[PDB]
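Encoded as structure tokens, the structure appears first; notes follow it.
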Amino acid sequence: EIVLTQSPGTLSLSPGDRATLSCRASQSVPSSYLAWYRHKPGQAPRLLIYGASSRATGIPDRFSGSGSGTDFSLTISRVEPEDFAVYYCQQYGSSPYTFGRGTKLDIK
Amino acid sequence: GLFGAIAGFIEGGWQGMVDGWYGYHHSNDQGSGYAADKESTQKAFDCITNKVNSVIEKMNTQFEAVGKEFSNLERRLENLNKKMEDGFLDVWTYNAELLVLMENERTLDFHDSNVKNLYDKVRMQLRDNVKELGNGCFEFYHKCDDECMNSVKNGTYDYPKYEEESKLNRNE
Amino acid sequence: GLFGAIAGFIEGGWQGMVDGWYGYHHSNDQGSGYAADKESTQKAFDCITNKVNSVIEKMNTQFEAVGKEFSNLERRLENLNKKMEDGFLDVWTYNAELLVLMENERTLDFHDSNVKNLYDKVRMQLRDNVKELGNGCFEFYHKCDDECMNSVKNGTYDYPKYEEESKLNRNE
Amino acid sequence: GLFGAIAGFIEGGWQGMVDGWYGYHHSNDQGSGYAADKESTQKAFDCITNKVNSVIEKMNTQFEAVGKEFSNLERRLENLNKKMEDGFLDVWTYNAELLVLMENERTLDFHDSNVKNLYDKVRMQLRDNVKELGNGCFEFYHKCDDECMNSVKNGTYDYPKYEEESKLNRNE
Amino acid sequence: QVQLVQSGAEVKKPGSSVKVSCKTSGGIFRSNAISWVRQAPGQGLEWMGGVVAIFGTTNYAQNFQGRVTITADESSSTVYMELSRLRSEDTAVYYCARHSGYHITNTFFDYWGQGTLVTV
Amino acid sequence: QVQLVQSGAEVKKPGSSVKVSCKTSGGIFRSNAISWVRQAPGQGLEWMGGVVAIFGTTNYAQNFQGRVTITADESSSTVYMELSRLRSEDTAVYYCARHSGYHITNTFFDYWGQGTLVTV
Amino acid sequence: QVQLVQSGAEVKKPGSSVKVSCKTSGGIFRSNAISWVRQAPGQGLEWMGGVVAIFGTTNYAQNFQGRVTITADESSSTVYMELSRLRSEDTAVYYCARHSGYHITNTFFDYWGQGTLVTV
Amino acid sequence: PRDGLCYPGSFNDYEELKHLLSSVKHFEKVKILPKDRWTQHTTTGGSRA
Ligand SMILES: *[C@@H]1O[C@H](CO)[C@@H](O)[C@H](O)[C@H]1NC(C)=O
Ligand SMILES: *[C@@H]1O[C@H](CO)[C@@H](O)[C@H](O)[C@H]1NC(C)=O
Ligand SMILES: *[C@@H]1O[C@H](CO)[C@@H](O)[C@H](O)[C@H]1NC(C)=O
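Residue numbers (the entry's author numbering), protein chains in the order written: chain J, 1 to 27, 27A, 28 to 107; chain B, 1 to 172; chain E, 1 to 172; chain F, 1 to 172; chain G, 1 to 52, 52A, 53 to 82, 82A to 82C, 83 to 100, 100A to 100E, 101 to 111; chain H, 1 to 52, 52A, 53 to 82, 82A to 82C, 83 to 100, 100A to 100E, 101 to 111; chain I, 1 to 52, 52A, 53 to 82, 82A to 82C, 83 to 100, 100A to 100E, 101 to 111; chain C, 93 to 95, 95A, 96 to 116, 116A to 116C, 117 to 123, 125 to 138.
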């Protein structure tokens, strides 16, 4: 059972600041199977990045990520007013299909 | 030659095959002769018999033309009736021609498949005791009499029976 | 059996294969069990999903019938409307029936092809280190443990690694 | 890949094949290079030329729309004429779209069959004197110069000539 | 254009069961595996189980084995989840997630359901 | 719905021939082998011969070799039987029987003709 | 019913170039290789070069290498020839010939264009 | 229908009128010629039909 530790936890920013979200894994995720989701409260979560290097369809270009092994990251070059929500990372390379802690982005 | 059997590695047909689509030719000390594969031929007959019957039923409900008379003040109505009957006839003429053209391609390719399957069934059954000459014929490493040949034709070849003998001649 | 895999040299399906269309069965010292081939099954799911979706979109714009009233002096006009609506429904009934029959032949043959490709993929990968029993099964000339079997399943067999061991057992 | 040749055991195309759909690549002491198969390419050009010419001829007799005028008291006639033209244009649009989709599936599968046939043609001619690598390539057990390579390309390989030499290197 | 519709919010009592449905549109038959992920307020998302598309094979997390029964009907393309033996801390929001492929393994959640709130 | 229609009853004299037809319906072309069997009153049914469906190969019983000639036309799907050198004890009822397959061997008579009475 | 139409007659001066086209009808796309051959009055026919049907591979005679450039556009099924550095004795009638196959090698000229007269 | 024209007669372009209603969802009756305006004539005429 891979436990995923999201380090920043809370990240207050303003539109324009670079946002970098780090997702850490206890053991290496096979085949780099990791995904990122945006979950605004009261709404169904949406898939941003799958495979840690591939962008989902319809996702704006500002969303991108990279990583391998036990270290994965999500980068948002430019923050928009709609980029304030909780971001989760899951691994789908192991049977339990565990989930990340989640990080809420606040407005400065 | 979508499957490469008819006019493929088998370059020509057999004029001596008079009792079936597909069959075998054997030649050993006792003699030689042809033998048709009734089971594969019967399966081919069923597909073709059903293929034609399905074709007839579909155009059984084809559009029918009825003559009508219109006065000289009904040119628009007369032209409307003329284009409808002509239009439906064009649609059904296209369907009849297209169905024949596509079924002919399917039938010829279906016949090509049966020989490749028949060739592979014998090859996978004489795995190592024969040579694959590449022209649709297998040459045995052992002695295969009429009883041995008939086992190959009906899919009851005893490979372990000739396994020891075949490898002795194959090696040297 | 256009490709000779289903009901061909593989004469029976597997009831224990519950997590995919197609896959493998192995048996060695450690144990035995089935394993569905997820990649081939997913590709098959893509064609069938698209094949059905394409079917719906084509007959999306099918002719629609609207009721009309004609007097007793408009027999010719009423007959035109009756023959137009009946004719269009006959054309679209034929197209819908024919498309289902043609796709069913295509779908069953497509599933037949995937096993032959899967069988050939393993055969071309274990070129000489196995025996081709002819019933869809391969017998190894060496010891192939679970790690070795898993390499065969995901197309990463190390033929040179077992090349020397296999030929010593194969020769004698 | 219905026949498993394109994107199958031959996982990549060749950018150096500039004068034909299909061809060979050889590498020996004298040198290496590509060579297209003009006979198989010509046969493929014949089907595509006839397949396209078939498409044009069938819809050459397609329904044609003619504009008409109807008064305000001829709504039923105007609606009837409108549904006739719309219905016919829907039938012929369905036929045109379906024919292109069906022929594209055939054309891509037809090309897949040509490589498998061309791969099998070489394999059944080099029965034992070569080694099958499983990636669409054959490795000779003897010395095959340019004259020997050219014989394989045009289907005139002399198996008995190299039969003795090949088995000496194959055994050890 | 694919959407998943779930049941409404429900209130239950310990000892009872819940039957949450998730109907998927966009096709005649379901061709993607559907899993169930719940989020208890104050806690993170957890994976409960999933069902394979056509073959109906079901996989459950070791935490919820013996308490969750996921079933689907091929006729209606609907997926049901039955959580029995309700107890404390079973209050959560249940989402039905559609996998990228026909199988649970090696697939990610393309789309999520709007969510159902269940209180015990 | 398959029926076989034969010719009418005939009267002949020793030294002449008999020409019995058997038209088969139910399809455009004949796909099943057709055989001829006769029953002389006071005697059991005897097999005379048959013809293969498409290839037209014919087989005859050793008793009637050289006296019976079965021919068929592919255009009209009609089977003809010609028994020559009529003599005594050739009075019998002749039926045309349709085999279960395209070939004579290993097939049974699915359907039978109504029958023709021939006297010499 | 296959016809090849060429450009009109042209007059040029030494040092200029010439652009002779050849449109082929009878189908949507060109399926046969097209070659160019010229006849200078008082001299026999000479082969200049040709282009493969779809792949566009071009072969030129060693006499005219570096001076002739044959190009085709798949959209319009037209073949062009560009003979540059015109000099004396370049006056001839140029024909476009359609090969019996898609390739130049081992193919004969099925049809010929009417010809274009170019003088320098 | 049993209840059509109670008084025997015909309806010109009756089928055309029924085709008009196939694209009409609601009528708002408007009194255009009130019965009280025909003061020069008798408007009480009726029939046993
Ligand atoms: C196949 O033919 C052989 C003749 O050699 C015979 O012994 C055997 O019984 C046959 N098998 C079947 C199933 O008829
Ligand atoms: C295939 O399976 C083997 C297990 O024996 C594993 O070592 C190998 O990495 C796998 N290959 C791929 C590409 O995943
Ligand atoms: C095939 O090529 C070889 C070249 O080594 C040649 O000798 C032979 O004649 C060719 N065969 C045919 C049929 O052209």
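Don't be surprised by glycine CBs; every beta carbon is placed ideally from N, CA and C.
Check whether the Cβ atoms of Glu10 (chain H) and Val109 (chain H) sit closer than 8 Å, and answer yes or no. By 1-based counting over the sixth sequence, the position of residue 10 (chain H) is 10. By 1-based counting over the sixth sequence, the position of residue 109 (chain H) is 118. In contact: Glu10 (chain H) and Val109 (chain H) (Cβ atoms closer than 8 Å).
Does the beta carbon of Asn117 (chain E) sit closer than 8 Å to a beta carbon anywhere in chain F? By 1-based counting over the third sequence, the position of residue 117 (chain E) is 117. Yes, contact with chain F.
Sequence-distant residues of its chain with Cβ nearer than 6 Å to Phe100D (chain I) (five each side left out): Taking the first residue of the seventh sequence as position 1, residue 100D (chain I) is located at position 108. Excluding sequence neighbours, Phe100D (chain I) sits near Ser96.
Per-residue contacts from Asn53 (chain B) into chain H (C-beta, under 8 Å): Start at 1 with the first residue of the second sequence, and residue 53 (chain B) comes out as number 53. Those within 8 Å of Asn53 (chain B) in chain H are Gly27.
I want to know whether the segment 80-93 of chain E touches the segment 149-156 of chain E - three or more CB-CB distances under 8 Å. The segment 80-93 of chain E vs the segment 149-156 of chain E: no contact.
At the 8 Å Cβ level, is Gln62 (chain F) part of the contact set with chain I, yes or no? Position 62 of the fourth sequence, counting from 1, holds the residue named residue 62 (chain F). Closer than 8 Å: no.
Keeping to the same chain, check which residues put their C-beta closer than 6 Å to that of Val67 (chain G); ignore five residues upstream and five downstream. Within the fifth sequence, numbered from 1, the residue matching residue 67 (chain G) stands at position 68. Contacts found: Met48, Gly49, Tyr59, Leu82.
As a quick exercise: from B:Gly4, B:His25, B:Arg75, pick the residue whose alpha carbon is nearest that of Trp14 (chain B). Against the second sequence, residue 14 (chain B) aligns to sequence position 14. For the residues B:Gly4, B:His25, B:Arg75, the minimum Cα distance to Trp14 (chain B) belongs to B:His25.
From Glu11 (chain E) to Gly33 (chain B), what distance separates their C-alpha atoms? On the third sequence, residue 11 (chain E) is found 11 positions in, with the first residue counted as 1. On the second sequence, residue 33 (chain B) is found 33 positions in, with the first residue counted as 1. Distance between the alpha carbons of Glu11 (chain E) and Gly33 (chain B): 30 Å.
Nearest to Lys38 (chain B) by CA position, among H:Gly44, H:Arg30, H:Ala52A, H:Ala40, is which residue? Reading the second sequence from its first residue, position 38 is the one you call residue 38 (chain B). Ranking the options by Cα distance to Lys38 (chain B), first place goes to H:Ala52A.
Specify whether the segment 155-169 of chain E and the segment 122-134 of chain E touch according to this definition: at least 3 beta carbon pairs, one from each stretch, less than 8 Å apart. Here the segment 155-169 of chain E lies against the segment 122-134 of chain E, with 3 or more beta-carbon pairs under 8 Å apart.
Apart from the five residues on each side of it in sequence, which residues of its chain come closer than 6 Å, Cβ to Cβ, to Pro14 (chain I)? Indexing the seventh sequence from 1 puts residue 14 (chain I) at position 14. Result list for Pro14 (chain I): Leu82C, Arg83, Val111, in chain order.
Bridge-paired residues (DSSP) for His26 (chain E): As a first step, residue 26 (chain E) must be located in the third sequence, where it is residue number 26. Looking at the DSSP assignment, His26 (chain E) forms a beta bridge with E:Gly33.
Closer than 9 Å at the beta carbon, the chain C residues around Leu80 (chain F): Mapped onto the fourth sequence, residue 80 (chain F) falls at position 80. The contacting residues do not exist; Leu80 (chain F) stays about 10 Å from chain C at best.
Measuring alpha carbon to alpha carbon, tell me which residue in B:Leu99, B:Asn60, B:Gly134, B:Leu101 is nearest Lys116 (chain B). Position 116 of the second sequence, counting from 1, holds the residue named residue 116 (chain B). Selected option, being the one with the closest Cα: B:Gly134.
Determine, using beta carbons only, whether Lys109 (chain C) comes closer than 8 Å to chain E. One-based indexing of the eighth sequence puts residue 109 (chain C) at position 18. By this cut-off, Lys109 (chain C) is an interface position.
Top-ranked residue by Cα proximity to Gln61 (chain G), from J:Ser72, J:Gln27, J:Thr97: Here residue 61 (chain G) refers to the residue found at position 62 when the fifth sequence is read from its first residue. For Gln61 (chain G), the nearest C-alpha among the options comes from J:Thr97.
Comparing alpha-carbon positions, which option in E:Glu85, E:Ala7, E:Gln42, E:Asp29 lies nearest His99 (chain G)? To locate residue 99 (chain G), count along the fifth sequence from 1; it is residue 103. Checked all of E:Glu85, E:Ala7, E:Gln42, E:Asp29; the closest Cα to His99 (chain G) is E:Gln42.
At a Cβ threshold of 8 Å, is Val91 (chain B) touching chain E? Taking the first residue of the second sequence as position 1, residue 91 (chain B) is located at position 91. Chain E contact via Cβ: present.
Any idea what DSSP makes of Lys19 (chain I), helix, strand or coil? Taking the first residue of the seventh sequence as 1, we reach residue 19 (chain I) at position 19. DSSP, read as helix, strand or coil, puts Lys19 (chain I) in strand.
Identify every residue that forms a DSSP beta bridge with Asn58 (chain H). What you label residue 58 (chain H) is simply residue 59 of the sixth sequence in a count that begins at 1. Paired residue(s): H:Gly50.
Give me the chain I residues within the contact set of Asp19 (chain F), using Cβ-Cβ distance strictly less than 8 Å, ordered along the chain. Your numbering for residue 19 (chain F) matches position 19 in the fourth sequence. Those are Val52, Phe54, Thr56, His99, listed as they occur along chain I.
Quick one: does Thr156 (chain F) have its CB under 8 Å from some CB of chain I? As a working mapping, residue 156 (chain F) is identified with position 156 in the fourth sequence. Not closer than 8 Å to any Cβ of chain I, the Cβ of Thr156 (chain F) fails to qualify, so no.
Under 7 Å between beta-carbons, which chain B residues line up against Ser31 (chain H)? List them in chain order, please. As a working note, residue 31 (chain H) is residue 31 in the sixth sequence. By Cβ distance, chain B contributes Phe45, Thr49.
Please list, in chain order, the chain J residues whose beta carbon lies closer than 9 Å to that of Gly104 (chain G). Taking the first residue of the fifth sequence as 1, we reach residue 104 (chain G) at position 113. By Cβ distance, chain J contributes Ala43.
Threshold first: 3 residues or longer. Then list the beta strand (DSSP E) segments lying entirely within the segment 83-152 of chain F, N to C. Runs of beta strand (DSSP E) with 3 or more residues, each lying fully within the segment 83-152 of chain F, are found at 130-132, 138-140, listed in chain order.
Indicate, with yes or no, if ligand 2 has a heavy atom lying under 7 Å from the CB of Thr156 (chain E). Locating residue 156 (chain E) in the third sequence gives position 156, where the first residue counts as 1. Yes, Cβ of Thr156 (chain E) sits closer than 7 Å to a heavy atom of ligand 2.
Kindly say whether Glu85 (chain E), judged by its beta-carbon, lies nearer than 8 Å to any beta-carbon of chain C. One-based indexing of the third sequence puts residue 85 (chain E) at position 85. For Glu85 (chain E), the answer is no, since every Cβ of chain C falls outside 8 Å of its Cβ.
Those residues which DSSP pairs with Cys88 (chain J) across a bridge: On the first sequence, position 89 is the one that residue 88 (chain J) refers to. Paired residues: J:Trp35.
Which residues of the segment 41-68 of chain J have a Cβ closer than 7 Å to any Cβ of chain G? Give them in chain order. Listed by position, the residues of the segment 41-68 of chain J near chain G (Cβ gap below 7 Å) are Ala43, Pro44, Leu46, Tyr49.
Is the segment 42-61 of chain F close to the segment 27-43 of chain I, with three or more CB pairs under 8 Å? The segment 42-61 of chain F, when compared against the segment 27-43 of chain I, does touch it at the 8 Å Cβ threshold.
Per DSSP, which residues does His95 (chain H) bridge with? Please list them. Sequence index remark: in the sixth sequence, residue 95 (chain H) carries index 99 (1-based). Listed as beta-bridge partners of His95 (chain H) by DSSP are H:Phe100E.
When the Cβ atoms of the segment 97-116 of chain F are set against those of the segment 107-121 of chain B, are three or more pairs found closer than 8 Å? Flag = no, the segment 97-116 of chain F and the segment 107-121 of chain B do not touch.
C-alpha gap between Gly106 (chain H) and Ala35 (chain B), whole angstroms: One-based indexing of the sixth sequence puts residue 106 (chain H) at position 115. One-based indexing of the second sequence puts residue 35 (chain B) at position 35. Whole-angstrom Cα-Cα distance: 34 Å.
How is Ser74 (chain G) classed by DSSP in three states: helix, strand or coil? Position 75 of the fifth sequence, counted from the first residue, corresponds to residue 74 (chain G). For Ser74 (chain G), the three-state secondary structure derived from DSSP is coil.
Consult DSSP for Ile56 (chain E) and reduce its assignment to one of helix, strand or coil. As a first step, residue 56 (chain E) is located in the third sequence; it is residue number 56 there, counting from the start. Helix at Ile56 (chain E).
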